[PDB]
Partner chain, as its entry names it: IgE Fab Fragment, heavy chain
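Just the one chain here, the form deposited without its partner chain, laid out as structure tokens.
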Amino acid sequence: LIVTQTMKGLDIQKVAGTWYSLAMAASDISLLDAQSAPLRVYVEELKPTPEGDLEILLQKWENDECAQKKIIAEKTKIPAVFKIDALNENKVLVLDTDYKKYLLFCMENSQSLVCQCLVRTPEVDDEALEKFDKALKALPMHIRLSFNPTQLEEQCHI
């Protein structure tokens, strides 16, 4: 567990709805470098199921097309930590959110890592980006990407 920042008292129900991946960062350049990189994902919506699991609707550029993807992150005993179903055990951690404006999360396996600043609106939230940068300084990131309001309103941020 490289990431040692989580949101205390996370109410997973209140993060439902629309988000924009305003920024992203990864421990490894190649995790995010090209449009088809395996962890370049854009979140459209989070749907917490009644059980306390979390469905994630996102867009990912695959075979020269912006593809929809639905994935479920299964709840654990820690309210801010969730398991995604890949080959290898993948954890999603919610580092921080104010529910109504911004949410910071990371995903790690077990050695490498990707994190995002999620925002509710197609706007550059300087304050949320500050928080994101501060959460990141204590992590070994090597690629950071940011998106403007025009790209935010486009499929796969083109």
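Positions refer to the first chain, counted from 1.
In this entry, no coordinate-free residues of the deposited sequence separate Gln68 from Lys69.
The PDB entry reports B-factors from which the mean C-alpha value can be compared for 49 to 57 and 25 to 33; the larger average falls on 49 to 57. Once the C-alpha B-factors are averaged per stretch, 115 to 123 and 59 to 67 rank with 59 to 67 first. Among the modelled residues of its chain, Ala86 has a C-alpha B-factor that falls in the highest third according to the deposited record. When the CA B factors of the chain's modelled residues are split into thirds, the value for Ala138 lands in the highest one. Among all modelled residues in its chain, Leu152 ranks in the lowest third by Cα B-factor. Ranked by Cα temperature factor within the chain, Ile78 sits in the middle third according to the deposited record.
If you look for the form deposited with its partner chain bound, you will not find it shown, but the lines that follow are about it.
Although its partner chain is omitted here, in the deposited bound form all of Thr18, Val43 and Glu153 have a heavy atom within 4.5 Å of it. Although the partner is absent from this view, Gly52 stays clear of its partner chain in the deposited bound form, with no non-hydrogen atom inside 4.5 angstroms. Residues of 120 to 143 placing a heavy atom within 4.5 Å of its partner chain in the deposited bound form, in sequence order: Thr121, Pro122, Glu123.
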